[PDB]
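Have a look at the structure below before the remarks.
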Amino acid sequence: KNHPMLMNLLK
Amino acid sequence: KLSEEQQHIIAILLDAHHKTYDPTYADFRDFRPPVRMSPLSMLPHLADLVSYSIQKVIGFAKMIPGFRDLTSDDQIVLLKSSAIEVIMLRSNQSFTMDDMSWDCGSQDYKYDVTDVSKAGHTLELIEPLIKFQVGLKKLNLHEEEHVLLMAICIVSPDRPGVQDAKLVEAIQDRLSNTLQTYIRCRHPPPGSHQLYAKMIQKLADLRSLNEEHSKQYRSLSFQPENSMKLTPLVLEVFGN
Ligand SMILES: C=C1[C@H](O)CC(=C/C=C2\CCC[C@]3(C)[C@@H]([C@H](C)/C=C/[C@@H](O)[C@]45C[C@H]6C[C@H](C[C@H](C6)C4)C5)CC[C@@H]23)C[C@H]1O
C-alpha cells in the first residue's frame, strides 16, 4: 500500500 | 535441553529490547504536551507517544532472528497488523496494578483510564485492555519470556496479507520452541504451570483487542480534524 516511512525505518 | 542456538536467540531478543525500551522515558519530553483540563485533550500527546512506540517496535522487530529474511512486503504486513498489539504488550512494563495506570515516571507521563478516554476510546476497549494488562502482569513473566512473546506476536503466519506464510511460520516456530523450552528449563513452579498456554492465550486476547482497536481507530481517524492531529507514521501504519 506504499509505506515510505515504515519502509525507511525497516532499512 | 535449552540449546546453544536457543540461548543465543534469547540473548539477541533481550539486547534488542534493551536497545528499544528506555525505562527512563526521557524522550517523552519531545512529545506534544499532555492536556488534562478536554475534547480529546490527550490525543496529540498520546499520538506522539504511540508514534514513538511504533518506531521502537519496528527497531525491535528488525533484530528478530529470521525477520530480515522475509520479503519487504511481509515485514510491512507483519508490522502494521502487530504494531498495536506489541505496544499493548511492551506497555505492560510501565503498567502498575498499584492503580491500574501506565506509570512512565512523572504524573504528567502517568496515564490512566480517563486519559485514554480523553484520547478518544470507549470502555469497549479500555476495560478489556486493562484486564489484559492485569492478567499479563499477574503472569510475572521473566524478561526472557516477555521479549519472546513480543517476537512471537510479530512473526505470526495468519496475519492478513502474508505472502510467505510457511516462512513466517518457520520463524515463529523456532521462537515458540525456544519459549516452551525456556519455561521448562528456566521457569520454576508454581509459576511455570500452564505458563506457555497462558502466554499464547494472551496472543488471542491481543487479536481481540486489535480488532476492537481498529474499529475505534477507524472512527476516530475518520474525521479530518482528528486525523489532522496525528503523526505521519501513525497514519501510515494504523491507517490513513
Ligand atoms: C514505551 C512505552 C511505555 O510503556 C508507554 C506506553 C504506553 C501505552 C499505553 C498507555 C496509554 C494508552 C495506550 C496508547 C493504549 C490505547 C488504547 C491506544 C490508542 C491509540 O489507538 C491512539 C491512536 C491515535 C489516536 C488516539 C491517540 C493516540 C494516536 C493513540 C488513540 C494502547 C497502549 C496504551 C507504550 C510503550 O511503548
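So you can find residues: chains in the C-alpha cells are A, B, ... in the order shown, residues in each start at 1, and ligands are numbered from 1 in order.
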Could you give me the residues within segment 104-165 of chain B that DSSP places in alpha helix (DSSP H), as a CSV table (one decimal) with C-alpha atoms, in the first residue's frame?
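The resulting file, states.csv, is reproduced below:
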chain,number,residue,atom,x,y,z
B,113,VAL,CA,-8.3,5.2,32.1
B,114,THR,CA,-9.6,8.7,31.7
B,115,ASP,CA,-6.5,9.8,29.8
B,116,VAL,CA,-7.3,7.0,27.4
B,117,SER,CA,-10.9,8.2,27.4
B,123,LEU,CA,-14.7,1.3,27.7
B,124,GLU,CA,-15.5,-1.2,24.9
B,125,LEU,CA,-11.7,-1.2,24.5
B,126,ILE,CA,-10.3,0.2,27.7
B,127,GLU,CA,-11.9,-2.2,30.1
B,128,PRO,CA,-10.6,-5.3,28.3
B,129,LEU,CA,-7.3,-3.6,27.8
B,130,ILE,CA,-6.9,-3.1,31.5
B,131,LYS,CA,-8.0,-6.6,32.1
B,132,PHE,CA,-5.3,-7.8,29.6
B,133,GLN,CA,-2.6,-5.8,31.5
B,134,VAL,CA,-3.7,-7.1,34.8
B,135,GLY,CA,-3.6,-10.7,33.7
B,136,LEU,CA,-0.3,-10.3,31.8
B,137,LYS,CA,1.1,-8.6,34.9
B,138,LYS,CA,0.0,-11.4,37.2
B,143,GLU,CA,12.1,-10.7,30.8
B,144,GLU,CA,13.2,-13.6,28.6
B,145,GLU,CA,9.6,-14.7,28.2
B,146,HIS,CA,8.5,-11.1,27.7
B,147,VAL,CA,10.7,-10.4,24.7
B,148,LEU,CA,10.0,-13.9,23.2
B,149,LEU,CA,6.2,-13.2,23.4
B,150,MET,CA,6.6,-9.9,21.6
B,151,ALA,CA,8.7,-11.5,18.9
B,152,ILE,CA,6.3,-14.4,18.5
B,153,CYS,CA,3.4,-11.9,18.3
B,154,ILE,CA,5.2,-10.0,15.4
B,165,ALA,CA,3.2,-17.9,5.4
Might you pull out every residue within 12 Å of segment 105-108 of chain B, with only C-alpha atoms counted and same-chain residues fewer than 2 positions away left off, and present them as a VMD selection string?
-> chain B and resid 22 to 29 31 to 36 42 45 to 46 93 to 96 101 to 103 110 to 112 115
Written file, previous selection with N, CA and C atoms, as a short mmCIF file (atom, residue, chain, number, x, y, z; two decimals), in the first residue's frame:
data_model
loop_
_atom_site.label_atom_id
_atom_site.label_comp_id
_atom_site.auth_asym_id
_atom_site.auth_seq_id
_atom_site.Cartn_x
_atom_site.Cartn_y
_atom_site.Cartn_z
N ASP B 22 13.63 2.46 26.59
CA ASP B 22 14.30 3.32 27.56
C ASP B 22 13.40 3.47 28.78
N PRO B 23 13.71 2.75 29.87
CA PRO B 23 12.93 2.80 31.11
C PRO B 23 12.99 4.14 31.85
N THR B 24 13.74 5.10 31.33
CA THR B 24 13.76 6.43 31.94
C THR B 24 12.80 7.35 31.19
N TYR B 25 12.24 6.85 30.09
CA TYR B 25 11.21 7.57 29.35
C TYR B 25 11.58 9.03 29.13
N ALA B 26 12.87 9.31 29.06
CA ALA B 26 13.35 10.68 28.97
C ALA B 26 12.82 11.37 27.72
N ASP B 27 12.65 10.60 26.64
CA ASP B 27 12.27 11.17 25.34
C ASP B 27 10.85 11.71 25.33
N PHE B 28 10.04 11.28 26.28
CA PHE B 28 8.64 11.69 26.34
C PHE B 28 8.48 13.21 26.30
N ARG B 29 9.57 13.92 26.59
CA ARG B 29 9.54 15.37 26.69
C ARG B 29 9.56 16.02 25.32
N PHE B 31 7.57 14.93 23.09
CA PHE B 31 6.18 14.77 22.68
C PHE B 31 5.43 16.08 22.88
N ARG B 32 4.41 16.32 22.07
CA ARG B 32 3.46 17.39 22.35
C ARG B 32 2.97 17.20 23.78
N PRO B 33 2.84 18.29 24.53
CA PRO B 33 2.40 18.26 25.93
C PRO B 33 1.00 17.69 26.18
N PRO B 34 0.87 16.86 27.22
CA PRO B 34 -0.44 16.27 27.54
C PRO B 34 -1.35 17.35 28.12
N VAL B 35 -2.65 17.24 27.86
CA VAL B 35 -3.61 18.18 28.42
C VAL B 35 -4.73 17.46 29.17
N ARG B 36 -4.80 17.68 30.48
CA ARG B 36 -5.87 17.13 31.30
C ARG B 36 -6.69 18.26 31.92
N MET B 42 -5.98 14.58 25.13
CA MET B 42 -4.79 13.76 25.28
C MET B 42 -4.33 13.14 23.96
N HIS B 45 -0.74 14.29 22.51
CA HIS B 45 0.35 13.74 23.30
C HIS B 45 0.48 12.25 23.06
N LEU B 46 -0.63 11.53 23.19
CA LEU B 46 -0.60 10.08 23.05
C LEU B 46 -0.33 9.70 21.60
N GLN B 93 5.22 -3.15 30.86
CA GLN B 93 6.40 -2.83 31.64
C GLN B 93 6.19 -1.57 32.49
N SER B 94 5.44 -0.60 31.96
CA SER B 94 5.19 0.64 32.69
C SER B 94 3.86 0.63 33.46
N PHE B 95 3.08 -0.43 33.29
CA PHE B 95 1.76 -0.52 33.89
C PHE B 95 1.89 -1.00 35.34
N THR B 96 1.19 -0.33 36.26
CA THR B 96 1.22 -0.76 37.65
C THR B 96 -0.17 -1.10 38.16
N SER B 101 -2.73 2.10 36.10
CA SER B 101 -2.37 3.12 35.13
C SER B 101 -1.03 2.75 34.53
N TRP B 102 -0.67 3.38 33.42
CA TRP B 102 0.68 3.25 32.89
C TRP B 102 1.56 4.36 33.45
N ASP B 103 2.53 3.98 34.27
CA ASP B 103 3.31 4.95 35.03
C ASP B 103 4.70 5.17 34.44
N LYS B 110 2.10 9.86 33.49
CA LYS B 110 1.40 8.73 34.08
C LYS B 110 -0.01 8.74 33.51
N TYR B 111 -0.38 7.64 32.85
CA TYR B 111 -1.59 7.62 32.03
C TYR B 111 -2.62 6.63 32.55
N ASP B 112 -3.85 7.10 32.76
CA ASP B 112 -4.91 6.25 33.30
C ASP B 112 -6.16 6.21 32.42
N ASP B 115 -7.45 9.37 30.82
CA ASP B 115 -6.52 9.85 29.81
C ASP B 115 -6.73 9.11 28.49
#
Residues of chain B no more than 12 Å from chain A, counting only C-alpha atoms: send them over as an MDAnalysis selection string.
-> chainID B and resid 51 54:63 67:68 70:80 83 161 231:240
For the selection you just gave me, I'd like the residues written to a file as a short mmCIF file (atom, residue, chain, number, x, y, z; two decimals), in the first residue's frame, keeping N, CA and C atoms.
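For reference, out13.cif as written:
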data_model
loop_
_atom_site.label_atom_id
_atom_site.label_comp_id
_atom_site.auth_asym_id
_atom_site.auth_seq_id
_atom_site.Cartn_x
_atom_site.Cartn_y
_atom_site.Cartn_z
N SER B 51 3.31 6.95 18.25
CA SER B 51 4.15 7.06 17.06
C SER B 51 5.59 6.70 17.42
N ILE B 54 5.71 2.95 17.98
CA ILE B 54 5.80 2.26 16.71
C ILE B 54 7.26 2.21 16.22
N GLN B 55 7.97 3.34 16.27
CA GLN B 55 9.37 3.36 15.83
C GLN B 55 10.18 2.30 16.56
N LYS B 56 10.01 2.25 17.87
CA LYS B 56 10.76 1.32 18.70
C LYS B 56 10.36 -0.13 18.43
N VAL B 57 9.08 -0.37 18.15
CA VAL B 57 8.64 -1.72 17.83
C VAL B 57 9.25 -2.20 16.51
N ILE B 58 9.28 -1.32 15.51
CA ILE B 58 9.98 -1.59 14.25
C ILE B 58 11.46 -1.98 14.49
N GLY B 59 12.16 -1.14 15.24
CA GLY B 59 13.54 -1.44 15.60
C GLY B 59 13.70 -2.79 16.28
N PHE B 60 12.78 -3.14 17.17
CA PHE B 60 12.85 -4.43 17.84
C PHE B 60 12.64 -5.55 16.83
N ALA B 61 11.61 -5.43 16.00
CA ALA B 61 11.29 -6.46 15.01
C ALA B 61 12.46 -6.76 14.08
N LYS B 62 13.20 -5.72 13.69
CA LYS B 62 14.29 -5.90 12.74
C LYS B 62 15.41 -6.77 13.29
N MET B 63 15.48 -6.88 14.62
CA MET B 63 16.51 -7.69 15.26
C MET B 63 16.02 -9.09 15.63
N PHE B 67 13.71 -12.41 10.82
CA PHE B 67 12.76 -11.39 10.40
C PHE B 67 13.25 -10.68 9.15
N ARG B 68 14.57 -10.51 9.08
CA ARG B 68 15.20 -9.85 7.94
C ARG B 68 15.06 -10.69 6.67
N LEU B 70 12.52 -12.19 5.60
CA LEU B 70 11.22 -12.07 4.96
C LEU B 70 11.30 -11.06 3.83
N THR B 71 10.28 -11.04 2.98
CA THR B 71 10.22 -10.02 1.94
C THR B 71 9.90 -8.68 2.57
N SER B 72 10.25 -7.62 1.85
CA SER B 72 9.88 -6.27 2.21
C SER B 72 8.41 -6.20 2.61
N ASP B 73 7.56 -6.79 1.77
CA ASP B 73 6.11 -6.70 1.90
C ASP B 73 5.57 -7.45 3.11
N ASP B 74 6.18 -8.59 3.41
CA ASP B 74 5.77 -9.38 4.55
C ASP B 74 6.16 -8.69 5.86
N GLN B 75 7.37 -8.14 5.89
CA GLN B 75 7.80 -7.35 7.05
C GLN B 75 6.79 -6.23 7.30
N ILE B 76 6.40 -5.56 6.22
CA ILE B 76 5.41 -4.49 6.31
C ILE B 76 4.09 -5.03 6.84
N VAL B 77 3.63 -6.14 6.26
CA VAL B 77 2.38 -6.73 6.69
C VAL B 77 2.43 -7.10 8.18
N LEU B 78 3.53 -7.70 8.61
CA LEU B 78 3.61 -8.17 9.99
C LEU B 78 3.62 -6.98 10.97
N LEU B 79 4.28 -5.89 10.58
CA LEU B 79 4.40 -4.73 11.46
C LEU B 79 3.10 -3.95 11.62
N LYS B 80 2.37 -3.79 10.52
CA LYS B 80 1.14 -2.99 10.56
C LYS B 80 0.07 -3.70 11.35
N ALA B 83 1.56 -4.03 15.27
CA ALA B 83 2.13 -2.88 15.97
C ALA B 83 1.38 -2.55 17.25
N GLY B 161 -2.67 -10.70 4.77
CA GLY B 161 -1.78 -10.13 3.78
C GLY B 161 -0.46 -10.86 3.65
N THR B 231 0.29 11.74 13.74
CA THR B 231 1.60 11.88 13.14
C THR B 231 1.59 11.17 11.80
N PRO B 232 2.56 11.50 10.94
CA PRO B 232 2.58 10.83 9.64
C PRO B 232 2.72 9.30 9.77
N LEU B 233 3.51 8.84 10.74
CA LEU B 233 3.78 7.40 10.88
C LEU B 233 2.56 6.63 11.38
N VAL B 234 1.90 7.15 12.41
CA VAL B 234 0.65 6.57 12.88
C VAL B 234 -0.34 6.44 11.72
N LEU B 235 -0.45 7.50 10.91
CA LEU B 235 -1.33 7.49 9.76
C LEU B 235 -0.91 6.43 8.75
N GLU B 236 0.39 6.32 8.52
CA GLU B 236 0.90 5.34 7.58
C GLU B 236 0.64 3.91 8.07
N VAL B 237 0.94 3.66 9.35
CA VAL B 237 0.86 2.31 9.92
C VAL B 237 -0.57 1.87 10.30
N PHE B 238 -1.25 2.67 11.12
CA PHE B 238 -2.59 2.33 11.59
C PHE B 238 -3.65 2.49 10.51
N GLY B 239 -3.47 3.47 9.64
CA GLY B 239 -4.44 3.68 8.58
C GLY B 239 -4.66 5.15 8.30
N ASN B 240 -4.68 5.48 7.01
CA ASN B 240 -4.80 6.86 6.57
C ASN B 240 -6.03 6.99 5.67
#
Which distance in Å separates atom CA of residue 199 of chain B and atom CA of residue 13 of chain B, to one decimal?
->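 It comes out at 17.0 Å.
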